[PDB]
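*Asks:* Any chance you can model this:
(chains A, B and C)
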Amino acid sequence: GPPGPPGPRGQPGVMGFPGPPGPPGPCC
Amino acid sequence: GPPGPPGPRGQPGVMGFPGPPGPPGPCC
Amino acid sequence: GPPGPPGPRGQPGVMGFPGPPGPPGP
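*Replies:* Numbers count the residues shown, from 1 in each chain, chains lettered A, B, ... in the order given. Here you go, the structure:
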């Protein structure tokens, strides 16, 4: 017989890294 | 004969994008 | 019959969190 249907979709990827730090604070 | 079994599960997705830059730092 | 083709790649992961606060001010 013919080949079977495509398999199930893969797991979602992992969450991305946090962004880099913000800029220096102001002179309050 | 009948169709074969479905294929293996797909690969995991790519890792998410990094987050954006953080907020300004606090006052001294 | 033979086994089917592999499934589609998973969805992309979610974006990461905003970064930490910056250095303290002067």
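*Asks:* and the nearest residue to residue A:19 once chain neighbours are set aside, how far is that from residue B:15?
*Replies:* Closest residue to residue A:19 apart from its sequence neighbours, by C-beta to C-beta, 6 or more residues apart in numbering or on different chains: residue C:19 at 3.3 Å. For every residue, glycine as well, the C-beta is placed using N, CA and C. According to C-beta to C-beta, to the nearest Å, residue C:19 and residue B:15 sit 17 Å apart.
*Asks:* okay, these two: which has more neighbours?
*Replies:* When neighbours are counted by other C-beta atoms under 10 Å in any protein chain shown, residue C:19 comes out ahead of the other of residue C:19 and residue B:15, with 18 against 15.
*Asks:* any idea which element that one lies in?
*Replies:* Counting by DSSP states H and E, there is no helix or strand that carries residue C:19.
*Asks:* go on, the one 4 residues further on?
*Replies:* Secondary structure assignment for residue C:23, by DSSP H and E: no helix or strand.
*Asks:* so who does it touch?
*Replies:* Under the criterion of C-beta atoms under 8 Å, 6 or more residues apart in numbering or on different chains, the neighbours of residue C:23 are A:21, A:24, A:25, B:25.
*Asks:* For the first one, give me the backbone phi and psi.
*Replies:* The phi and psi values for residue A:21, taken as degrees, to the nearest 10, are phi -60, psi 160.
*Asks:* Next up, the contacts around the residue nearest to residue A:19.
*Replies:* Residue C:19 is in contact with A:18, A:19, A:20, A:21, A:22, B:19, B:20, B:21, B:22, counting by C-beta under 8 Å, 6+ apart.
*Asks:* Apply 6 Å and report the result again.
*Replies:* Listed by C-beta atoms under 6 Å, 6 or more residues apart in numbering or on different chains, the contact partners of residue C:19 are A:18, A:19, A:20, A:21, B:21, B:22.
*Asks:* Between which two of these is the distance greatest?
*Replies:* Taking C-beta to C-beta as the measure, those reach their widest spread between A:18 and B:21, a distance of 10.0 Å.
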